[PDB]
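Participant: first chunk of the complex, coordinates as they sit in the assembly:
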Amino acid sequence: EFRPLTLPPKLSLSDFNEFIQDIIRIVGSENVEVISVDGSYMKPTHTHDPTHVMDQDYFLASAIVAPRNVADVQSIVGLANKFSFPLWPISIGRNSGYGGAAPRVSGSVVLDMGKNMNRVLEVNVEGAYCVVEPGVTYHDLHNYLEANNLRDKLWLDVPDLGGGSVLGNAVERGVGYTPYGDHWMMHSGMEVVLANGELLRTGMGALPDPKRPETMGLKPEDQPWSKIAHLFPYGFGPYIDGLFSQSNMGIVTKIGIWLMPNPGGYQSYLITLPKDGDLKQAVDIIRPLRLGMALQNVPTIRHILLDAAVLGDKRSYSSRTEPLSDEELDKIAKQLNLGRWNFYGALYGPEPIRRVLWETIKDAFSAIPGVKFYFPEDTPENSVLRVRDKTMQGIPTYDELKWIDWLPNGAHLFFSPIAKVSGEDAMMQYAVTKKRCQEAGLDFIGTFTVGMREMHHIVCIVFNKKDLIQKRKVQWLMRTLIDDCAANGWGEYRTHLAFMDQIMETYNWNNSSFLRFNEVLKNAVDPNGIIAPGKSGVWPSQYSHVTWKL
Amino acid sequence: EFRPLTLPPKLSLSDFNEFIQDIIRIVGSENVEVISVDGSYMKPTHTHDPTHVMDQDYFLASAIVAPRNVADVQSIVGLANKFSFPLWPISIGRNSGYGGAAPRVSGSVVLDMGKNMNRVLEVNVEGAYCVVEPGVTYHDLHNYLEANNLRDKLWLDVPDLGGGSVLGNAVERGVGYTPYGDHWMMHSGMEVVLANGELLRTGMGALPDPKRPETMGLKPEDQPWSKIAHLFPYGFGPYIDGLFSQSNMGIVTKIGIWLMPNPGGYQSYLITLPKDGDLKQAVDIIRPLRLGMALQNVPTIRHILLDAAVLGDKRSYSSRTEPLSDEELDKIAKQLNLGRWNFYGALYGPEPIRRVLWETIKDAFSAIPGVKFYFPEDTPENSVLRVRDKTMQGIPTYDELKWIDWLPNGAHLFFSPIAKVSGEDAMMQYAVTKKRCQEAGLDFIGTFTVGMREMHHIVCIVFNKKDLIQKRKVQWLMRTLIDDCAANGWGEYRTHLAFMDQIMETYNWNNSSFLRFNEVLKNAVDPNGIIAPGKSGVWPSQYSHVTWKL
């Protein structure tokens, strides 16, 4: 196909056509798409940012290409180095709130790895792990376990929505809610296509499986791994794995992920926190519990509107255009039988141990007045606890997508700072963020996810994607929160394409030493700068900073 | 000082002298030593390999230099870049079995970071972490906790000997025996002097602590860290920390380590396994227990001679020069009331939870005939269980150094492959290794340290350091084991200076893709190749592979 709306920097239309003809030769016309619709979660759009925040011509692909296999990825990387064409690899492209599948540089080729590279490559019982291609969604691996009756032996760890890529979420260092919730830390053995086109396997994946008649003559991509590849992550020498998370250092084609054996007992629960100010004491109660193993998984502290929004849109609770008042928030809580803050958690393992930890949890939380405790059965049929009961045992759901529709043409953007597990710190961050949300004309909506010694505070900014004036206010809010949070010692762990530079500039101790060191590494491994230029604020030397940064 | 026994590659004597005079100017004559004695564990030697395996002129420093602070490290890196002089950074230099403090390249300057950069920088209770300089030994940190009564709130995690560096052991990715036993995984926030001499702080350490009057004007090195620096490791963007472990990518000056809060209950124990073949069933029993949390820490499976050697030398058990027979091993076991294999572990937490897990452990292990269970109190005063009882609660000891004296002029070398947590795999690796040990005229001595989905198999090769013929058999043994283990799908996790090249060559999947990628990173960050050339087999482009590899 001939004329794309936007071409990559410095490439001619004739080179574009040459390049695209070459790719269609390799993967076929059915797998190459020239962009000469926002779609849905069900059918994610791969050409641009659906939940737009920025203006047109930002983050727009020139074409979408879907490799059939690793050989095609290597062939495409070779073509991209030949013509200096930027590539933007995605697995499933459901990074909604962070830009979807859109490229940081307009005119890039979006590399859809998941369409054809879809396979569950291995589920190992004794080693309790799985090996997956980019295309395996959490729902697919669930279905694979169920089909082979492996759910009695091994459980998954899933984020709020089931349609994400197991591998794509892990390389972004995403979060799930069982004891295996730190997705990036559960990995072991990855396969990567480097910018030079060569294939690399990390860790013990670099120790080749010994020759045998049955595996002779296989392409590198198709060879099996050695015995310790997905059991011990370090290998020998430099532990380079982390250079492939949240980065533009390579294209990930495979990954091993540790899986939790059925723990022999489970019980999810909900603790309701009556007052807005009860976040402080609750978080101080959470701290020692999280460090000591009474809280084994990644429990969450959800704000009333997050649960309210799951159950219905704004218009179903109030007809005001402005932010709901404190008083209206208390009324919604009462209607749903929830608190202003709602703590969701789970106990795993034998009844005798769960009982002891549960008494410890109840005893500690009883120090907050009017606290109430529920198990799934004690709540209504449409409750969030019933949905999260599945989530905290690794069963995928799609219920939580409903909060996005809080406003008429709801589109969401995530603001995601890290806070200490201390009531004082959490209250100060919430206060900072709640204030700015109100200055922008928006309702505060959010969760805290409880890591061991930190909390991920996920502020869900929802807005009308067709409302120009509100879109600008959303851009103001984000940028102002970034600066306010850094002035109080907090940085964000993940972001949308339009804020990556601003957030990388926040990590500027000692005159931006961190970014300078990363640029050195990027320019050495990617001399033509073809792999996702600008991902995380990391630009290759051919992309002028003056021209491209936001 | 003027004439060293060995000069670094391509440097003239006049440049050596100019350089050393420059350094003496910066750090003083008391902190600079020109090498123109093997020492002890108590006073580690910093000039060469004490437990020598290779000949003279290998791994010999030209001079030992001890920076007083980070500024001197920066100054010294500046001088090394100017003169093309290689540096070898050590923290305490007690890496016995792996080369001690000796440099990979003879003529290097050994940089003794621990002598003056010694401080316990911070012990935080609510975030349960500590921050340390290279010279903080495990014993020093212990003493610091005891002096401020912090042992009631926070425990350490220590390797077998308390004299190592908390930071140096973590960057080598060493092992300890409580639930915080994966030392490298407990880190968060590190400070590094790069080969270009610039200071860098990783993760949330890149997010600067906000300006305040009390901290104005401090040098970079002396600035405090922001609130989340030692609580959340990832920061934002590429996760580069792992490039500074088992590598030559930088000089580590500070590191944060997570510390376990007193668990509120502890009980160590020993399970004796009567037959040599009982390793198979025991490991198969261990597998599910280790994955499910009945085994929370890093339990070990010790061979009878490791415990026997702790108690006395070979001459105290037999006067044969050749390897003890199976029959003599059973006799020693009986004398000590141990089995041929001995499992040491611990339970942590409230009595009611420990009681349930202990019944689970006892019940599973009872499937092996003649199994016996002991608590520290049921054993003699000199027992290994009493020493390990302290080790598994974070208390440093020095008792285990005595197995090194198994032979007259005992020197040790560690052969350290990884195995699956499966009886079949463990037996096959032991069988391979025991056979070659016997071919070399040596006793098999070793331990398995039980990781979650893997085991580190530490084979302790001990030999008489003055016996030439035995030294050669040791060299043969090691290189043959490396090859045999690779042909059975096993690689080593850590090694001695003389075997780093051979072990990196084992990790050659896809025509050595892993080492090629590492070399590209090393040349880009260290263009003059002055930071520890050859560490882990990773050589900068100025060091010809033909000349330097072993």
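Facilitator: Thanks, I have the structure now. Residues are numbered from 1 along each chain as shown, chains lettered A, B, ... in the order given.

Participant: residues contacting residue A:368?
Facilitator: A:273, A:274, A:278, A:281, A:282, A:285 (Cβ atoms under 8 Å, 6 or more residues apart in numbering or on different chains). Every residue, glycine included, has its C-beta placed from N, CA and C.

Participant: return the closest of the residues you listed with respect to chain B.
Facilitator: The closest of these to chain B turns out to be residue A:285 (Cβ to the nearest Cβ; 13.1 Å).

Participant: residues in contact with the closest one?
Facilitator: So residue A:285 contacts A:364, A:365, A:367, A:368 (Cβ under 8 Å, 6+ apart).

Participant: check which helix or strand covers the closest residue to residue A:343 other than its chain neighbours.
Facilitator: Leaving aside its chain neighbours, residue A:343 sits nearest to residue A:271 (4.1 Å; criterion: Cβ to Cβ, 6 or more residues apart in numbering or on different chains). Using DSSP states H and E, residue A:271 sits in strand A:266-273.

Participant: so what are the sheet partners of that strand and their directions?
Facilitator: strand A:341-348 (antiparallel), strand A:372-374 (antiparallel) (DSSP bridges).

Participant: winner for burial among the ones you listed?
Facilitator: The highest mean neighbour count among the strands paired with strand A:266-273, using mean count of other Cβ atoms under 10 Å in any protein chain shown, belongs to strand A:341-348: a mean of 24.

Participant: just checking, what's the longest strand in chain A?
Facilitator: In chain A, ranked by residue count with DSSP state E as the criterion, the top strand is strand A:455-464.

Participant: that one close to chain B?
Facilitator: No - counting by Cβ under 8 Å from any Cβ of the partner chain, chain B is not contacted by strand A:455-464; separation bottoms out at 8.7 Å.

Participant: tell me the buried residues in that strand?
Facilitator: A:455, A:456, A:457, A:458, A:459, A:460, A:461, A:462, A:463 (16 or more other Cβ atoms under 10 Å in any protein chain shown).

Participant: try stretch A:82-94
Facilitator: For stretch A:82-94, the buried set under the neighbour-count rule, 16+ other Cβ under 10 Å, comprises A:83, A:84, A:85, A:86, A:87, A:88, A:89, A:90, A:91, A:92, A:93, A:94.

Participant: include chain C as well:
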Amino acid sequence: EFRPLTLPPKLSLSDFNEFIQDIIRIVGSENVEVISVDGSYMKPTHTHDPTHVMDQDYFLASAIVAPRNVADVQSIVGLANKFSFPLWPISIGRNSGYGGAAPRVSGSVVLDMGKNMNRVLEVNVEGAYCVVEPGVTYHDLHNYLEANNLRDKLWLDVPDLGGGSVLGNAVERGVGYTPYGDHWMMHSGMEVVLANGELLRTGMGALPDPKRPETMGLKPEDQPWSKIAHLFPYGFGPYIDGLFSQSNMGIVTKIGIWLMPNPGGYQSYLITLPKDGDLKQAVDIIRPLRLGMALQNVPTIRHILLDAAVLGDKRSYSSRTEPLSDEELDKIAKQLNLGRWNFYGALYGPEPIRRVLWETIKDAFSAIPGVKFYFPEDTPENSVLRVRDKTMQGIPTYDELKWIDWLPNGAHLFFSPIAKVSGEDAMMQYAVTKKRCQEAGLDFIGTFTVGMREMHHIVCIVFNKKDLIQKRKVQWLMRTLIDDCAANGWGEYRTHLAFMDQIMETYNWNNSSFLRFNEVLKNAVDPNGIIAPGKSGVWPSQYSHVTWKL
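Facilitator: So that you can see how it sits with the rest, here is chain C on the chains above:
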């Protein structure tokens, strides 16, 4: 022609077409072929490996080009340097067992030099030599001698099959069976087209024939040579000839080969060795005889199945699918009146001298029980001795091709190590190789060719080219034999395209010094890396080792 199945690395289809249009301009459409059939020995296929062992897309040409003369070779080299297109020069392309005519790099242009560059350039009686182009097969030079009645004066030295190229076999350092059997050592004066396109003549070929009226104005390629060109190989200064054997240093267009004057008497013979174990004593008897001139030619020690396979396929002796047993081998021997090992040799020169050497040979071999001696006349009409009687006097035959059809879709691969001329060494190598052949499900088939102080041990692995599972077992066998033989101190002298890297890595003394030195020489003479990249494991700097090695 427009679209080839495979293109060379980094070249566009438009450049391919440009290049191919340019070549068709030079040599004509009849001499250029675009590959958009395994053929036979009679009509060798020039596009791929017929006796396939590896999978599709390996060793596949993009086009076959046939120069009309040396000017076209130079023009084509110029075009290849202009577009960076790899060339794979062949003479006849009958390197069956070593890859046929197939290129090491898929997408290469196969340069068929023999089609049009065919001439016997000179046969000199007084100097006893010949001068040949790539296209002269052993059968053609035989026919040339016969046509001009030169067989009474000069004899040839031929390998087992008559259709090979005299020059192609010599540059591979092939073997023949008269006293002139070391083909490479019989050469003198070669003409080469270098990678830069320039013409070079080696040795005394560099000393120009003095001007004369009759030779003025001839192109360099067409000039005659000086008097000593094909009589003394060294010339003056560096003796560079050997850089053009088994290498990618140049394209050979002409070569002088020494020819043996009729020796005035000849008699071939066969000595049958009854037992499998008789190889040991026989080889020990051969040693002093070979060194002293009782054995003047290159006598061979053939295994019973090699002779059996010449006479009929496996199905004609047994219907088992598995390897024939020892007992069945003894029965075949008895049926053919041969031993388990069969020694073929010849005596040259006057009757009185032959008689003396023959008595010496008989006397020595009589030390082995049940030895029998035959002359051609004492054997049946279809005997191997009758075929080899022609071979050892330089007369070409095609009988020996019949062993390839031992299995239904027989395809062969040669495993070719060198052994000492000692019974102990030969028995150990045979034992090693026989064992592995049996593990793969294959019959051991082989010969030893007796060089002066070494033996070439040619193991003929034959397999069904359509049997996937057996193909993989063949790949396992080869690679395992390579490693087993190097661990016992033996290397291979020649190999198939798929094992060249593995065999070059075996020659790694002093950290691969040999290959590093060869790469330095290759990159200097061939800066664009267009001449047979990868031949012998020698890759030019533009071919990433990670991507291309096998």
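
Participant: what do you get for the contacts of residue A:368 once chain C is counted?
Facilitator: A:273, A:274, A:278, A:281, A:282, A:285.

Participant: neighbours of the fourth one, how many?
Facilitator: As a burial measure, the neighbour count of residue A:281 was computed by other Cβ atoms under 10 Å in any protein chain shown and equals 18.

Participant: surely it is in contact with residue A:426?
Facilitator: No - judged on Cβ atoms under 8 Å, residue A:281 makes no contact with residue A:426 at a distance of 10.5 Å.

Participant: which helix is the longest one in chain A?
Facilitator: helix A:468-487 (DSSP state H).

Participant: what's the next helix or strand after that helix packed up against?
Facilitator: Following helix A:468-487 in sequence order, the next helix or strand is helix A:500-506 (DSSP H and E). Counting contacts by 3 or more Cβ pairs under 8 Å, 6 or more residues apart in numbering or on different chains; DSSP states H and E, helix A:500-506 packs against helix A:468-487, helix A:509-525.

Participant: same thing but at 6 Å, please
Facilitator: Helices and strands touching helix A:500-506, as assessed by 3 or more Cβ pairs under 6 Å, 6 or more residues apart in numbering or on different chains; DSSP states H and E, are absent.

Participant: and the contacts of that helix?
Facilitator: A:482, A:486, A:491, A:492, A:495, A:515, A:536, A:537, A:549, A:550 (Cβ atoms under 6 Å, 6 or more residues apart in numbering or on different chains).

Participant: which strands border the longest strand of chain A, and is each parallel or antiparallel?
Facilitator: strand A:410-415 (antiparallel), strand A:418-419 (antiparallel), strand A:446-450 (antiparallel).

Participant: how about residues contacting that strand?
Facilitator: A:406-417, A:419, A:421, A:429, A:433, A:445-449, A:470, A:474.

Participant: pull up the residues of the stretch 201-350 of chain A that are close to chain B.
Facilitator: Contact residues (Cβ under 6 Å from any Cβ of the partner chain) of the stretch 201-350 of chain A with chain B: A:201, A:206-208, A:210, A:220, A:226-228, A:231-232, A:234, A:236-239, A:242-243, A:245-247, A:261, A:291.

Participant: mark which of those residues are buried, thanks.
Facilitator: Buried, going by 16+ other Cβ under 10 Å: A:201, A:206-208, A:220, A:226-228, A:231-232, A:234, A:236-239, A:242-243, A:245-247, A:291, out of those.
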